[PDB]
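Q: Pasting a structure below so you can have a look.
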Amino acid sequence: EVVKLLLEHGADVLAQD
Amino acid sequence: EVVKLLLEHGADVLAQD
Amino acid sequence: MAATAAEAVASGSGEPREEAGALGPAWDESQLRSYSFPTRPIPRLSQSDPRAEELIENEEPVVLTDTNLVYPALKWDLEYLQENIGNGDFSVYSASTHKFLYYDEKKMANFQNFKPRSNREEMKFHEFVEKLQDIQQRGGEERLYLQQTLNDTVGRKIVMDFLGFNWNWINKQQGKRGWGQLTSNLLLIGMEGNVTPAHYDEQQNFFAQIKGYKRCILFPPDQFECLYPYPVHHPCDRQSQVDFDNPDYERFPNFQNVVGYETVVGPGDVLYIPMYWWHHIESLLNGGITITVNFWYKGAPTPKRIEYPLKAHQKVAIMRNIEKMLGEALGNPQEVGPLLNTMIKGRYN
Amino acid sequence: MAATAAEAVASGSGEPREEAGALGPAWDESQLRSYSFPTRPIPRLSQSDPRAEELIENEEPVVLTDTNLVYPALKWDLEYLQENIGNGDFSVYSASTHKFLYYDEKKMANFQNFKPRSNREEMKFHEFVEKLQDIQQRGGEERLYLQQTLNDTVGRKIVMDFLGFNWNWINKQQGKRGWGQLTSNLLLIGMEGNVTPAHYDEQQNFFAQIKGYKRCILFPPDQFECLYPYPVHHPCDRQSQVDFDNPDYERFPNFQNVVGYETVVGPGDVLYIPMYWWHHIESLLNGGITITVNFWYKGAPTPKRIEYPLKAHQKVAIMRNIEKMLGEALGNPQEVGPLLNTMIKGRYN
Ligand SMILES: O=C(O)CNC(=O)C(=O)O
Ligand SMILES: O=C(O)CNC(=O)C(=O)O
Ligand SMILES: [Zn+2]
Ligand SMILES: [Zn+2]
């Protein structure tokens with residue numbers, strides 16, 4: 001549960017927005 | 001949301017169980 | 001000189017009170033253990049004094065001198081209890097030193113290298129008293145400390161005394177402070193000189209002193225940086241790692257910035273130990289055995305709307321949860337430290 | 001001697017390949033910048049080679065020499081693009097040094113003391129080319145680096161070339177690896193010597209080289225301890241704080257344990273930069289302008305069942321979330337560091 005919460009990732013890259 | 005999650009407390013004291 | 005003013009405000013527990021009927025000074029300053037930090041005194045007020053009501057509301061410690069909380073219990077002593085306490089089992093910790101450091105047994109698994117300095121041994125109250133007499137007889141050095149939650153298995157007299165407690169006053173305190181239910185009543189009977197190292201509990205507490213005298217040294221939750229609690233998963237969770245008799249200033253440098261609020265409670269006094277507040281308890285040297293019964297209450301639920309900036313105890317709540325969550329997520333509590341260090345080294349420190 | 005064997009395996013990018021028709025050595029070793037750490041070479045394989053398929057599956061870097069991914073684009077150059085790229089705006093970073101450190105503008109708020117060493121300036125492609133010619137003319141020192149996501153506003157020829165990309169091959173790679181959608185295609189045109197400091201992206205990437213040569217130095221996600229990324233809330237989030245030209249070994253001691261995987265990509269080569277992998281990109285010295293178009297894909301969702309122990313990138317995911325959560329919970333990103341330090345000092349470190 002919380003584990004999945006901590007594992008979820010973003011999609012940020014070397015660009016704005 | 002997560003803030004409440006982080007704020008929730010336990011009830012542990014100076015005793016077993 | 002402000003430094004001189006400060007050296008005065010560090011008046012400790014203050015002048016020993018003079019008991020009724022000129023029965024001499026209650027306790028002597030030489031019955032107190034010496035430490036390396038300053039301490040201002042905790043207020044001694046009347047439950048009718050509005051200030052006392054205020055301190056309890058702002059979750060600040062205060063000693064209530066006239067609550068009559070455990071009035072029926074003020075007649076308790078070994079003989080009485082041995083006849084009335086019942087024949088249920090009693091948790092009794094045995095140690096080779098005055099420090100009785102608490103340790104959660106459920107967590108000893110995650111720390112094999114941990115060897116507790118005191119041992120717990122279930123026994124009957126008469127056995128405890130017997131064992132108490134034996135040590136006295138053989139003039140031994142071993143120390144005992146009875147700590148047992150009061151239950152169904154207490155004699156009718158003990159049950160009767162309970163009824164005589166001032167529930168009216170404490171029930172209101174519970175209701176007015178939004179506190180949860182009463183989870184227990186810990187009976188604490190310890191030998192003279194016995195010490196319960198600094199720690200904090202996750203419940204509100206009304207420390208009702210019954211026999212003998214106890215010196216209570218408290219520290220505000222914002223002094224978390226100066227007390228260095230063991231890792232949450234450690235069996236000594238919620239206890240301070242700092243040895244007060246010998247502070248390791250290299251490992252715990254901020255312990256030199258620590259300032260305590262102390263007081264000596266005696267029969268009839270009720271000390272309010274607010275949730276999260278750190279406290280160090282010691283039965284005065286050569287003061288005989290001590291008897292106390294505390295009242296543990298779950299704290300009020302987290303407010304609907306959170307205000308900022310966060311209060312100290314809230315940050316403590318957060319830091320605890322972080323350690324818990326990480327422990328669960330990594331599948332091994334031993335990996336918590338390595339992750340945290342990796343996260344801050346050269347990044348936040 | 002194992003130390004000798006290791007000094008050999010640190011063969012860098014290897015021997016420069018000899019181009020077709022004996023057109024001399026592609027690039028010279030003196031076109032590479034000198035650093036203080038060893039680097040083994042990234043494999044150069046054929047897309048039909050089963051090993052290449054394996055490396056991509058285990059999320060390990062690999063250079064695919066024959067994908068024909070951006071085949072139609074291999075004819076791209078300034079003149080062509082200026083005629084066909086369109087008249088939309090193009091993000092162009094301008095700096096006074098070769099290092100072009102990325103910085104998120106949304107996060108500059110939480111860090112007023114941050115002064116970016118390069119500035120972004122929107123302009124038309126012809127202006128960019130013009131400005132490129134001016135610097136060449138005046139023999140200036142200023143450096144430019146065009147980095148723009150390709151959009152609706154590209155000429156029909158550019159759109160036509162796009163159609164000629166090997167979508168068949170990359171679409172399968174997407175499908176077989178469970179990867180999310182293609183979020184963008186960053187066009188990168190930079191001057192010779194330009195450097196994009198070490199960082200990691202949160203998306204899978206197929207780095208398709210089009211013009212000129214680029215040296216790509218990668219580091220595995222398990223080398224997080226040696227690269228010291230800026231705090232998550234910092235505008236330079238996901239970039240390394242370590243100056244590769246001048247490593248501050250006092251602040252970043254573990255940077256001496258760093259080992260990179262490097263390679264030089266040229267027209268036609270496709271480098272797989274796995275999500276979370278750190279990478280340092282530099283346009284060879286005196287190699288002319290470089291042109292690259294990358295393919296960013298969202299990663300596969302988190303598995304239904306989590307296996308242990310956790311992989312490095314998963315721990316990276318966790319450490320990131322912790323910083324995010326704390327930031328939100330404390331209401332101020334500036335309080336994150338103080339809390340973390342308080343949590344570990346004398347407790348876990
Ligand atoms: O009485 C003692 O020695 C210690 N008591 C407590 O820690 C408590 O009541 O919460
Ligand atoms: O091309 C560069 O100079 C830098 N490229 C990247 O960081 C990337 O494609 O993810
Ligand atoms: Zn990148
Ligand atoms: Zn306690």
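Identifiers in this document derive from the order of the structure tokens: chains are assigned A, B, ..., residues are numbered from 1 separately in each chain, and ligands are numbered from 1 in order of occurrence.
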Could you list the residues in chain A lying within 9 Å of chain C, using only C-alpha atoms, and format the result as a ChimeraX atom specification?

A: /A:2-4,6-7

Q: Next, write the just-selected residues to a file, as a compact mmCIF listing (two decimals), in the first residue's frame, keeping N, CA and C atoms as the atom set.

A:
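Output saved as part_1.txt:
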# COMPACT_ATOMS: atom_id res chain seq x y z
N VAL A 2 1.50 1.56 1.13
CA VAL A 2 2.35 2.74 1.25
C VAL A 2 3.58 2.52 0.37
N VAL A 3 3.96 1.25 0.25
CA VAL A 3 5.10 0.86 -0.56
C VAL A 3 4.87 1.31 -2.00
N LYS A 4 3.68 1.02 -2.51
CA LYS A 4 3.33 1.42 -3.87
C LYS A 4 3.38 2.95 -3.93
N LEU A 6 5.26 5.00 -2.26
CA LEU A 6 6.64 5.43 -2.28
C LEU A 6 7.33 5.07 -3.59
N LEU A 7 6.85 4.01 -4.24
CA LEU A 7 7.42 3.59 -5.51
C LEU A 7 6.95 4.41 -6.71

Q: Find the residues near ligand 4. Use a cut-off of 7 Å, count only C-alpha atoms and all ligand atoms, and write them as a ChimeraX atom specification.

A: /B:13-14 /C:199-201,279

Q: Could you list, as a VMD selection string, every residue within 7 Å of residue 118 in chain C, counting only C-alpha atoms and ignoring same-chain residues fewer than 3 positions away?

A: chain C and resid 93 to 95 100

Q: The selected residues should be written to file as a PDB file, in the first residue's frame (atoms: C-alpha atoms).

A:
ATOM      1  CA  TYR C  93      12.194  -5.831  36.035  1.00  0.00           C
ATOM      2  CA  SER C  94      15.502  -6.793  37.626  1.00  0.00           C
ATOM      3  CA  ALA C  95      18.725  -4.903  36.992  1.00  0.00           C
ATOM      4  CA  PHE C 100      16.002   0.693  34.081  1.00  0.00           C
TER       5      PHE C 100
END

Q: Report as an MDAnalysis selection string the set of chain C residues whose atoms approach chain D to within 9 Å, with distances computed over only C-alpha atoms.

A: chainID C and resid 224:225 228:231 241 251:253 308:310 315 318:320 322:323 326 329:332 336:349

Q: What are the nearest atom pairs, with distances in Å to one decimal, for all residues of chain D that come at most 8 Å from ligand 2, using only C-alpha atoms and all ligand atoms, set out by chain and rising residue number as JSON lines?

A:
{"residue": "D:186", "atom": "CA", "partner": "ligand 2", "partner_atom_place_in_ligand_line": "9 (O)", "distance": 7.2}
{"residue": "D:188", "atom": "CA", "partner": "ligand 2", "partner_atom_place_in_ligand_line": "1 (O)", "distance": 5.8}
{"residue": "D:190", "atom": "CA", "partner": "ligand 2", "partner_atom_place_in_ligand_line": "3 (O)", "distance": 7.6}
{"residue": "D:194", "atom": "CA", "partner": "ligand 2", "partner_atom_place_in_ligand_line": "3 (O)", "distance": 7.7}
{"residue": "D:195", "atom": "CA", "partner": "ligand 2", "partner_atom_place_in_ligand_line": "3 (O)", "distance": 6.3}
{"residue": "D:196", "atom": "CA", "partner": "ligand 2", "partner_atom_place_in_ligand_line": "3 (O)", "distance": 4.8}
{"residue": "D:199", "atom": "CA", "partner": "ligand 2", "partner_atom_place_in_ligand_line": "7 (O)", "distance": 7.1}
{"residue": "D:200", "atom": "CA", "partner": "ligand 2", "partner_atom_place_in_ligand_line": "10 (O)", "distance": 7.4}
{"residue": "D:201", "atom": "CA", "partner": "ligand 2", "partner_atom_place_in_ligand_line": "10 (O)", "distance": 6.1}
{"residue": "D:205", "atom": "CA", "partner": "ligand 2", "partner_atom_place_in_ligand_line": "10 (O)", "distance": 6.5}
{"residue": "D:206", "atom": "CA", "partner": "ligand 2", "partner_atom_place_in_ligand_line": "9 (O)", "distance": 7.9}
{"residue": "D:207", "atom": "CA", "partner": "ligand 2", "partner_atom_place_in_ligand_line": "9 (O)", "distance": 6.0}
{"residue": "D:273", "atom": "CA", "partner": "ligand 2", "partner_atom_place_in_ligand_line": "10 (O)", "distance": 7.5}
{"residue": "D:279", "atom": "CA", "partner": "ligand 2", "partner_atom_place_in_ligand_line": "7 (O)", "distance": 6.9}
{"residue": "D:280", "atom": "CA", "partner": "ligand 2", "partner_atom_place_in_ligand_line": "4 (C)", "distance": 7.3}
{"residue": "D:281", "atom": "CA", "partner": "ligand 2", "partner_atom_place_in_ligand_line": "3 (O)", "distance": 4.9}
{"residue": "D:282", "atom": "CA", "partner": "ligand 2", "partner_atom_place_in_ligand_line": "3 (O)", "distance": 6.2}
{"residue": "D:283", "atom": "CA", "partner": "ligand 2", "partner_atom_place_in_ligand_line": "3 (O)", "distance": 7.5}
{"residue": "D:292", "atom": "CA", "partner": "ligand 2", "partner_atom_place_in_ligand_line": "1 (O)", "distance": 6.6}
{"residue": "D:293", "atom": "CA", "partner": "ligand 2", "partner_atom_place_in_ligand_line": "9 (O)", "distance": 7.7}
{"residue": "D:294", "atom": "CA", "partner": "ligand 2", "partner_atom_place_in_ligand_line": "9 (O)", "distance": 5.5}
{"residue": "D:295", "atom": "CA", "partner": "ligand 2", "partner_atom_place_in_ligand_line": "9 (O)", "distance": 7.8}
{"residue": "D:296", "atom": "CA", "partner": "ligand 2", "partner_atom_place_in_ligand_line": "10 (O)", "distance": 7.7}

Q: Go through C:98, C:313, C:124, C:115 one by one, measure the shortest atom-to-atom distance of each to ligand 1 using only C-alpha atoms and all ligand atoms, and give the residue with the smallest value.

A: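 Of C:98, C:313, C:124, C:115, the one nearest ligand 1 is C:98, counting only C-alpha atoms and all ligand atoms.
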
Q: So which residues touch range 70-77 of chain D within 7 Å, counting only C-alpha atoms, skipping near sequence neighbours fewer than 2 positions away, as a list in words?

A: residues 68, 79, 80, 81, 161, 164, 165, 166, 208, 210 and 267 of chain D
